[PDB]
Each structure stands twice: as structure tokens, then as C-alpha cells.
């Protein structure tokens, strides 16, 4: 009974492999799977609006045969006028899955503890597991492989992207380096779980403040905006020079939106190493795959 996806480690490696395999299949034949045919409903809920998250979910649902019901931040926020449990119980009568952008993980857990349909974290304060799914797919297609690559993330190590890349990466078997200054380290319990999960996949977790050392011989370079007070992040800028220390075949990822000239330069964003646009496109195929997998299991 009933699977959810609130954080990257909610999947096991084999299960993450299956989902990513299915993402490959769906990119090629986007309307070949129709488990939401009817149309069946899926809730798409935003505590804070995210436009790229709405596009990719809303079209991806429609393409699986369903109808996304989308609700804004312009509505009464979910836990204010009734408990989240009540909202979950009611929504479970209307839709086959619940996709939710929100704040703390405790709110996701609350909803997921009583729902009779899958709950999916669209993007939270702590995690961004749908983005990492698309990151991994973009890596799979660009490099032909996943296990054993060396991935480096630069910038705020406490942000949602840094956590997810840690958890999602080691699940995929990727050696993850987080390159972050001073006091912008990963939340410790996230780091412990990523190390624990790494012991089953042959991966590892490295945290350092040395942006040169983290860039050296890396296969993938990743960065995010400096908060989604900026003096400490400048050595961590993805520029031509830093990318020149990476493997010669290395690729660059950015979940977007980018602030060109701060965390990433125009040469690197617009250059041959950048997978940024395919990555963006891949939000659509990954989340599609996620849903199918979840629905056939629930």
C-alpha cells in the first residue's frame, strides 16, 4: 500500500534506477502511458508559486491522460482553516496523487501520514527531489552512465538543492562533493543519511571549502542561486577557469533561474558544457516517470 516521494532517499537505488529508466522511455514516447486516463485528477498545490514547476507538472499530468487541478498562493494557505490531515483525507477522494510545494518537511509528513494516494514534494525548504531526478536524467543521457561519476555542487550547502544532490546522488551511486564556505554547511542529519546511504551504493560524501579541489577531475559541476552576505560565495562562482580544472568532458547543471554574472558566467552557461536547457526540459519527463511509478505501486 501507498508510496510517497518527499525526499530523494524515499526511493531505494533500484527503484530510483527504474524511475530514471522510465524517464528515458517517456522522453522518447511522451503519450505512450495513460494511467490517469479518464481523466483522473491530480492535485497540484503551491504554498509559494513556482512557474517552472507548474508548467512541467501540469502538462506532464495532462500527457498521462489526467487533469491537473492547480491551486495558488492566492488561496487560503493549507493549514490555516483546517488541519492538513483533513485536507489530505478530502483530497484523497478527488484525485489520484497530490503534488505540493511547501515549506517544512513536517507539513509534508502530516499530509502523507493519512493520505490514501501518493504525496509528492514538488520543492520544499529542505529538499528539491524532483529537480535531482531531472538532473540525474540529464546526466544519464549526456554521459551514458551514473554509478561512479564525481559530482560537485558550489554555493550554499544548506539549501534545498545541496541536500537533494547529496541524497539523490549517492542513491544513484555518485561521489558527491559539496563546496561551501565557512558556515553554509549541510544540515548534519541530512549529511549522516547521505553517508549511510552511500555505504550501500559505493558512493561517498565530501564537504569542503576549497573550490579548486572540489572542481578538480569532477564529471559534473552544479550550482544554484546564492539564496532562493554574498562576499563569501564569490570564490565558488562557476566560471571558465574553474571548469577548466574539471574533467575535459565535464558538464554543467543549474536548476534555474540563473543570475548571469553572479553564481555562473555567460561563457559557462552558453558554452558547450552546459546541459541547463535539457535539464529544464527534463523536469517534465522525470516527474512524469515519478508519477507512473508511484501510481502503479499505490
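Numbering follows the first chain given and starts at 1. Rigid core: the largest C-alpha set superposing within 1.5 Å between the two forms.
Of the two stretches examined, 145 to 153 and 77 to 85, the one with higher mean CA deviation in 8 other deposited structures of this protein after a rigid core fit is 77 to 85. Where coordinates are absent for parts of the deposited sequence, a chain break appears; between neighbours residue 228 and residue 229 it spans 4 to 9 residues.
A summary of the deposited B-factors shows that, of 24 to 32 and 242 to 250, the stretch with the larger mean C-alpha value is 242 to 250.
Taking the mean C-alpha B-factor of each stretch as recorded, 69 to 77 and 131 to 139 are not equal, and the higher mean is that of 69 to 77. Annotation for 179, 172, 120, 117: 179 ranks highest, by Cα B-factor. Residue 82: CA B factor in the highest third of modelled residues in this chain (values from the PDB entry). Ranked against the other modelled residues of its chain, the C-alpha B-factor of residue 126 as given in the entry falls in the middle third. Ranked against the other modelled residues of its chain, the C-alpha B-factor of residue 235 as given in the entry falls in the highest third. Residue 219: CA B factor lies in the middle third for its chain, per the PDB record. Ranked against the other modelled residues of its chain, the C-alpha B-factor of residue 2 as given in the entry falls in the highest third.
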